[PDB]
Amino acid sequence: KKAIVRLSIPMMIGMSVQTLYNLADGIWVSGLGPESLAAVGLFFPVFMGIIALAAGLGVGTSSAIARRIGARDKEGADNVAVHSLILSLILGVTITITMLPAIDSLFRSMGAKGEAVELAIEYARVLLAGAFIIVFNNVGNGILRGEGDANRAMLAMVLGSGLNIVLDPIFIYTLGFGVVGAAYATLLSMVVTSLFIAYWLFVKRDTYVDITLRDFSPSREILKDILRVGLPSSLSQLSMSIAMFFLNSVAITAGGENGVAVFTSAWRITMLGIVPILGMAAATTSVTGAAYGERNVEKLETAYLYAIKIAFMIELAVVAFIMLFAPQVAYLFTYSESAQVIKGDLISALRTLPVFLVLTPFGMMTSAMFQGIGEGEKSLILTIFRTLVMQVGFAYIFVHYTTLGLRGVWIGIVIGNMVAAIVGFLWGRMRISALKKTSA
């Protein structure tokens, strides 16, 4: 019950990062060349957008199952499980029918030409055809988290992403499939994950949720119970996916296809920099919310200001590590002769892009404080305002109205994130003083 409650609760006891599919797909494909590395990079926003809707649908399922198991309603929990699986079928089918005829015009809309589009279409149509496998893994994970089997669902996700790291160089180079082999390795890895999930959902004994069609009564209330929790969650990741789509377009006008290869490589490396501070963000919500339940604003401010000071020191080490060891980190994407043309530009991006990570704790821990005091809507507004308005806005300005070129893209993302981190932190200071004045 002090400042030690932040360190004693921010342990990060395992996490869920499905982007390691994209990071492993990027490292193993970059050996073929920048045209291939840019091809998978053009589809990462779409792959991330499908994850957003799917993982959001599973989040709403976990909430509806947990409160129905806690309310001692067995058939209600079984009914929610059947409803979410039908929604995953409708969602998986809709994405396949919609995105297949529109994926060509989507890549070509953002100025992507050359062979990078043809390689992206090959890589996209395979993953889009297996979109049901992707949505089932997220909704199936949601059902396991709702009934308490969150540990077993965590192993299936780690097994899939880890198996894709091994299966990537086999399908791409050994079997000679090339860029489309990375899509096969992702599809094959998630089917193995789907088999584990389906085992604990249908075959394993002594599960509190029995997915049987005898309890399926189509209730319109269950539909909005899943969407009430899922849609706000998916809207956060969906905002990031849309931003990466337009940031890929800005990178094309700034440096062509090699600009996307450099961007999609440094962006995946920079997104790993916020991983050490993720545990402090989830811990800040738990501590500030506990202090808000006690209505102790003094402990509330001390908790979330201490999380910023610790996360700032951690991010200083992350920024210093990436700037110092940039040519070693960039070797993960430039380990072949064909990839040497982007070696110099990738090292320059790794010493300019991760600069905004030092101000991220000021904005991320404030949004975590908002979610603890029941004002999670403000946390969703800040992320949409950061990724869409500020990231894409400044990057667009530094490219069309300055001569910085590729470096204009990185400076825009840094300034765009810092400006959003300041106004978000200032919004928290405004809200903290509003709660302090709530004394009479």
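Start at 1 and count along the sequence shown; that's the residue number.
S.K.: Once you work out the mean C-alpha B-factor for both 180-188 and 204-212 from the entry, which is higher?
M.R.: Looking at the record's C-alpha B-factors, the answer is 204-212.
S.K.: According to the deposited model, is the average Cα temperature factor higher in 162-170 or in 275-283?
M.R.: The recorded data point to 275-283.
S.K.: According to the Cα B-factor stored in this entry, which of the following is highest: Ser265, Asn248, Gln328, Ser219?
M.R.: Spelled out: the listed residue with the top C-alpha B-factor is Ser219.
S.K.: If you check the C-alpha B-factor for each of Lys74, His83, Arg351, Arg145 in the entry, which is highest?
M.R.: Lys74 has the highest C-alpha B-factor of those listed.
S.K.: Lowest, middle or highest third: where is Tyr292 by C-alpha B factor in its chain?
M.R.: Answer is highest: the recorded C-alpha B-factor places it there.
S.K.: Could you say whether, by C-alpha temperature factor, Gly428 belongs to the lowest, middle or highest third of its chain?
M.R.: Middle third of the chain for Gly428's C-alpha B-factor.
S.K.: Would you please rank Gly372 by its C-alpha temperature factor against the other modelled residues of its chain and give the third it falls in: lowest, middle or highest?
M.R.: Middle third.
S.K.: Which third, lowest, middle or highest, does the C-alpha temperature factor of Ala150 belong to within its own chain?
M.R.: For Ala150, whose C-alpha B-factor we compare with every modelled residue in the chain, the answer is the highest third.
S.K.: Within this chain, which third does the Cα B-factor at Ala303 fall in: lowest, middle or highest?
M.R.: It belongs to the highest third of the chain when residues are ordered by C-alpha B-factor.
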